[PDB]
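Each remark here refers to the structure printed beneath this line.
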Amino acid sequence: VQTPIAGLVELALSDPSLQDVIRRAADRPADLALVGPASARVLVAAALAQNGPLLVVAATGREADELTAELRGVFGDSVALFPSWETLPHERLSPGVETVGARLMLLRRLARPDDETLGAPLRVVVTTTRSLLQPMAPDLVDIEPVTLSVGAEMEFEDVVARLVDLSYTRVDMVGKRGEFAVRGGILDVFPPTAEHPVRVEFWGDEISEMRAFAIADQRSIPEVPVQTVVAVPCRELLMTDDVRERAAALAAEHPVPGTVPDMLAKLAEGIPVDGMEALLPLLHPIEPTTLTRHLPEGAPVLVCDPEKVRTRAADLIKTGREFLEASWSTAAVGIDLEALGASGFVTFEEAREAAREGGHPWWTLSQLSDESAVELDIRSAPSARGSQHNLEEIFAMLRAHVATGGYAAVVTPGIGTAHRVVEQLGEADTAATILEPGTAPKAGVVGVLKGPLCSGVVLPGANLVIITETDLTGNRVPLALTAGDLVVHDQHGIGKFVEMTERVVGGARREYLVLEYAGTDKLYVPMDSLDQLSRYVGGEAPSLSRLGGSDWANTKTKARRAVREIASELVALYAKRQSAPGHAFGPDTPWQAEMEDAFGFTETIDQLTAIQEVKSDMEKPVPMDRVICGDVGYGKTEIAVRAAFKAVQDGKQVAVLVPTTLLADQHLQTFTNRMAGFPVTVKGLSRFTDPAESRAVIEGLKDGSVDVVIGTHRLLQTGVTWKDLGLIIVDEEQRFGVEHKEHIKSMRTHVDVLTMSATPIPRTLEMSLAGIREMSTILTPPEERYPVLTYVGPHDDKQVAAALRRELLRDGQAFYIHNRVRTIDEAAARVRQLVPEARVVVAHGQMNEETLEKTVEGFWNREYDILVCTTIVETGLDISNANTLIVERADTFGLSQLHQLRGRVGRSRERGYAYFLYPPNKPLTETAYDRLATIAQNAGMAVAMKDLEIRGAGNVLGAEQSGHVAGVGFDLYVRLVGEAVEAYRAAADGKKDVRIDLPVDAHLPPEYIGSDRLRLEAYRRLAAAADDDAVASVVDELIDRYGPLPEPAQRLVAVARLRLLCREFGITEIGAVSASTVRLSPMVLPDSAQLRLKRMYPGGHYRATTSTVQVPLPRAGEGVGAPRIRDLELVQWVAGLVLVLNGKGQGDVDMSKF
């Protein structure tokens, strides 16, 4: 890492007061209380870090994060954070594996500071009060991790058992941390503390090569190198035999997913589960220690604001024991709580004494006075508080101080905001430069240094003053089929999946995908016709299976004829748009670039590339019609603010149409904030605004006063005018009424419009309408979203009260889902009864419109704490402060509905929690037990995410066509849409099988690809290739993911190129009557070619009525006549024959190596 403020903090250590605390602390006193500003806690930690390692305690997790960031800018990798659990010690939710990974990684780095592979020697460790008080087993650090380096001699099967012992989960394909996949001689693994997963390849019993790969495409990333990888545990325990028998003995005491015996049942088998972290007093009984024991001998502890630490310690212990009583009551189990109390938080004083008994001095740094403590010659910096005279004063203070001869520095944490400070100090008659990172400022010149610093510092002893940016502005910084699923075939129709079998027939082992029709008949799909299959989605009620008659071809012509209306209307809109006139927008105003600097975050590659795509067709004379795809939390609204600024800065006006007045208020706040500091007049007209401001300010638009307006369907009333409007922005267009979507659909050729949406479209659809509907989707995340912690189980009032109280404690909100409106007020009264300190309001669709928009207006404005709403209200609400979801009667919801409800919580830097609760008065049905278990798991959900694409397809195509999506399938429907849109788009400018049955053992061995879903995917991936460069990319993908191709795989791709050569000359079938002959079915031979056939292939004849060429197979050798040629030797012979029967002459062949 880089240390940008390392030289400025060293200049800060020029102060003899901190030099006094370095000398004073080198003698390791028992007590040492320090007084100073909060902005100095990075300086005093840097001071104490000069004599040896140091532990620093902060009250909150955020204060520890800010301190880790500031200290990291000083010592680099020598500073690390010991994170706090996102759960309580006895809560039945396990913490995230990223946090337990970092925790145990740091404990190992503390025990092994000279280990290069772990990192630089730790100088400062920063932690919170929770991690300080939360005890832990003294043998966590002694758990041997899985170290993987080049040349290390481990045995493949042994490390797999070690990885499951470390609580890694063996899954089909890795996609999250803690998962590991196993191929032949290749195991993919994703350590919980790593940026990317690594692909380990062995040669015998040692690691041959190690590559880091990506999750999206599973392909290796060659631009990053790896030397060693350390696989720390994914849970804070080791899966041993002692915990397996102690769980089975505890299972004899208590012989559904959310039940205690279900945990112990899987713990008897050795499989970890959520909530396990509450049974260690019973699973691994051991005298628990605390964090200070793991620091090296003599390392001190510096507590920052001990008063705030004590109040936070009180709330933690109270919250911890509340979760213990709730999640481990006798009613919850259907277990001695005081044996579990050994793992719970210990008091502030028990932790302080434990630190002193272990050799670690307990020192404090506070900002409140004390005559007993040493005060530092340091005071905080002036804050501007959003004033201009404040800012001019601070600038005049820095100018006077450098004229003194003293040091001054403005530290900028933001990106692209240091030059602006240099300009602001030039405006204030003060010279200043941008300092190279790591250096200290020079006496007499104000130095602007980019670095992490939340607040400034004044050290008169060091003749130095630091101001930070916050001090000046005031703003902080794959087809998977299980037995019985319904699939569709393009040539036959709806069938039922049975199994996958392999039946060697004509001297070759072939795999077949067996299906079921009307239970009479089974269809055996070969591995080359897999492109004609797709999983049936679309019909909620499963339709009846088809047959071998002629009814399927009609439902396809019904599809196509229905699909053709869509494509025609879409190309007609594209033609009427590119043909009609449109006033283009000029180039970028100079102010536009300054606004791009005002963005307080880093742009994604997709955001910037989309930013150029929105600016291209605005600068072009074309009437714009583009949608922005990608779900919430991305840079979507930002591209709207720039497109709106570029349109206002060219004379035109902007209108922003939203379907909700909450979106009006949200986008208004986002727009006004960004376009401040510029003469961009912006107002808003929604449901809740008086006619005094509506009629006059907003609706009184004729003189061109308001440049940009964000409003609802109220902006579509008769009587609205726009003096030279040039841009229209519509977010979530599908949520308008039919009476209003006609208006927005009308205003498309007249004015450049730009729509926004979060419902995704399939990747096939986006490629299908690439020329008809201009589309710019973004997928690069600004910050990585970490998954919400999901508990599924029985409805218990004490657990519901603990989770709700845990949100209100963090000043957060919560969603409480109750779908039956007839009894929705009965549910709110129950929540008010459980949490009497919560503002609890309801919201549903059967409510009139004004109360609903007012109820959720208040909810967003934090006037209510819990919103008891229905499924359809909750999914259409962006409340970033609501990070707990509670769903009563979770068995009543489709899996896709649970995914959508869960998606709208925990989408920020603070982690969310979701509770899916079923009733405790009745036993669950046969439909729900596995669906809810499928939600607990981090392939059965893929059937529900394909649903979320269907609704998006109905919004971009403009029709539901529910009768045609079912009965032919949605995958077939998107492919018929793309074909009809390709025909109509081609008409707007004036413009199958290859059956091969040969004795060639060509298949993908299960030794090569064990997963059926992954092997079936590989079959389809090669069957769908078109040229030799495609089949070469499929082979490059297969050796990357699974290893070198075995002989049956090399033969299989060799046949794949044979089909591409067959189609090159239009051949449909190569088959063998027996061992003796071969027949090429569709081939017309001229007289000259018949002379070639009799010449070089004697014994072969040509049948002209069926256009087939029959040629006898040669023999392998000239021996007694036992072996007939076969396998790839035969493949090239056939490839040669077809080359000479067309006049090529065996001169362009490749299949020798495969």
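Chain identifiers are assigned as A, B, and so on, following the order in which chains appear in the structure tokens; residues are numbered from 1 within each chain, and ligands are numbered from 1 in order of appearance.
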
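The residue set within 7 Å of residue 149 (chain A), counting only C-alpha atoms and dropping same-chain residues fewer than 6 places from it, reads residues 207, 227, 228 and 229 of chain A.
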
DSSP says strand (DSSP E or B) for which residues of region 364-494 of chain A? Put them as a PyMOL selection string?
-> chain A and resi 364-366+374-375+379-380+407-412+432-434+446-450+457-459+464-468+486-489+494

Next, the residues of the selection above should be written as a compact mmCIF listing (two decimals), in the first residue's frame with C-alpha atoms.
# COMPACT_ATOMS: atom_id res chain seq x y z
CA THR A 364 -6.83 6.22 27.34
CA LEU A 365 -7.18 9.23 25.06
CA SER A 366 -10.19 11.46 25.70
CA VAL A 374 -1.43 14.98 30.33
CA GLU A 375 -2.88 17.50 27.89
CA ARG A 379 -6.16 21.72 19.18
CA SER A 380 -8.71 21.00 16.48
CA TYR A 407 4.04 24.83 7.90
CA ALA A 408 0.54 24.49 6.46
CA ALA A 409 -1.16 21.59 4.69
CA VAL A 410 -4.60 20.98 3.20
CA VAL A 411 -5.27 17.23 3.13
CA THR A 412 -7.81 16.05 0.55
CA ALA A 432 -0.05 26.66 -2.97
CA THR A 433 1.09 23.55 -4.83
CA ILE A 434 0.01 19.92 -4.89
CA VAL A 446 0.76 25.98 1.67
CA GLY A 447 0.93 22.35 0.55
CA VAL A 448 -2.12 20.51 -0.77
CA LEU A 449 -1.69 16.79 -0.08
CA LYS A 450 -4.02 13.99 -1.14
CA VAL A 457 -5.19 19.53 13.54
CA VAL A 458 -3.23 22.49 14.94
CA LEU A 459 0.13 21.77 16.64
CA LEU A 464 2.22 23.32 11.77
CA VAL A 465 -1.49 23.53 10.96
CA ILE A 466 -3.47 20.97 8.95
CA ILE A 467 -6.89 21.63 7.42
CA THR A 468 -8.87 18.90 5.67
CA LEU A 486 -40.09 -29.26 -17.47
CA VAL A 487 -37.92 -28.42 -20.50
CA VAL A 488 -38.84 -27.40 -24.04
CA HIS A 489 -37.52 -28.73 -27.36
CA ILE A 494 -42.86 -29.50 -23.56

re CA of residue 792 (chain A) and CA of residue 916 (chain A): distance 4.7 Å

Just list the residues in region 537-726 of chain A DSSP gives alpha helix (DSSP H) on the backbone, as JSON, numbers by chain.
-> {"A": [552, 553, 554, 555, 556, 557, 558, 559, 560, 561, 562, 563, 564, 565, 566, 567, 568, 569, 570, 571, 572, 573, 574, 575, 576, 577, 578, 579, 590, 591, 592, 593, 594, 595, 596, 597, 605, 606, 607, 608, 609, 610, 611, 612, 613, 614, 615, 616, 617, 618, 619, 636, 637, 638, 639, 640, 641, 642, 643, 644, 645, 646, 647, 648, 661, 662, 663, 664, 665, 666, 667, 668, 669, 670, 671, 672, 673, 674, 691]}

For residue 38 (chain A): contacts at 12 Å, only C-alpha atoms, fewer than 3 positions along chain excluded, given as a ChimeraX atom specification | /A:34-35,41-45,58,63,66-67,304-305,365-368,376,378-381,453-458

Write out as an NGL selection string which residues come within 9 Å of region 350-360 of chain A when counting only C-alpha atoms, dropping same-chain ones fewer than 4 positions away.
-> :A and (28 or 30 or 132-133 or 289-293 or 295-301 or 346)

Residue 513 (chain A): which residues within 9 Å, counting only C-alpha atoms, same-chain residues fewer than 2 positions away excluded, as a ChimeraX atom specification?
-> /A:497-502,511,515,523-527,530
